[PDB]
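According to my numbering, the sequence shown is numbered sequentially starting from 1. Even for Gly, the Cβ is constructed at its ideal location relative to N, Cα and C. Everything below concerns the one structure shown next.
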Amino acid sequence: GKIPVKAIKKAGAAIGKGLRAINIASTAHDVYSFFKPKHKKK
């Protein structure tokens with residue numbers, strides 16, 4: 001009916017962005033770790 005739909009959505013975005021932010025971050029060190037052998041052309 002008349003319930004903040006854009007609010008309930010943005011809500012799942014705040015919780016997903018929180019864990020996501022910590023995810024992608026915890027992935028950079030893990031990826032940058034096994035990286036070396038791979039890394040980029042330069």
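CA-to-CA, the gap between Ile3 and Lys9 works out to about 11 Å. Put simply, the backbone Cα of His39 is about 18 Å away from that of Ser26. Take the alpha-carbon of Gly18 and the one of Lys36: they are about 28 Å apart. Here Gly1 carries a coil assignment [DSSP, helix/strand/coil].
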